[PDB]
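Participant: Before I ask anything, here is the structure I am working with.
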Amino acid sequence: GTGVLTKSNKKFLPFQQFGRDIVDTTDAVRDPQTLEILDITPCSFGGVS
Amino acid sequence: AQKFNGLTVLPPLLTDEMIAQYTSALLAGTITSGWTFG
């Protein structure tokens, strides 16, 4: 995907590699080498008038 | 999913303060001048 990765304040169980919100989109991943949990923020977008 | 996937919510043109000001004007008009300001 595409996004901005930041340090997460979420606590994942050791099994879980990524998470999802109520609308089933991905919003967090576990780095496969360091096991740190990172939040994914979509890159800014919007309309232009 | 701050703005989901291309779905943007737009603000109203009249803010809550501006609507409150219209309501205040309507109340002041009715209370001090009754039916004549309409």
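Chains X and Z supply the protein sequences, listed in that same order.
Under our numbering, think of the first position of the first sequence as 265, with each following residue one higher.
Under our numbering, think of the first position of the second sequence as 1439, with each following residue one higher.
Every residue gets a Cβ at the ideal spot worked out from N, C-alpha and C, and that includes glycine.
Run the CB neighbour count on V293 (chain X), radius 10 Å, all protein chains shown included, and call it buried at 16 or more, exposed below.
Facilitator: buried
Participant: If the criterion is Cβ atoms closer than 8 Å, does the pair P306 (chain X) and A1439 (chain Z) meet it?
Facilitator: Taking 8 Å as the Cβ cut-off, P306 (chain X) and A1439 (chain Z) qualify as a contacting pair.
Participant: Name, in chain order, the residues that DSSP records as bridge partners for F282 (chain X).
Facilitator: X:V293
Participant: Does the Cβ of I1457 (chain Z) have 16 or more other Cβ atoms within 10 Å, making it buried, or fewer, making it exposed?
Facilitator: exposed
Participant: So which residues of chain Z does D285 (chain X) contact, with C-beta pairs closer than 8 Å?
Facilitator: Those are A1439, listed as they occur along chain Z.
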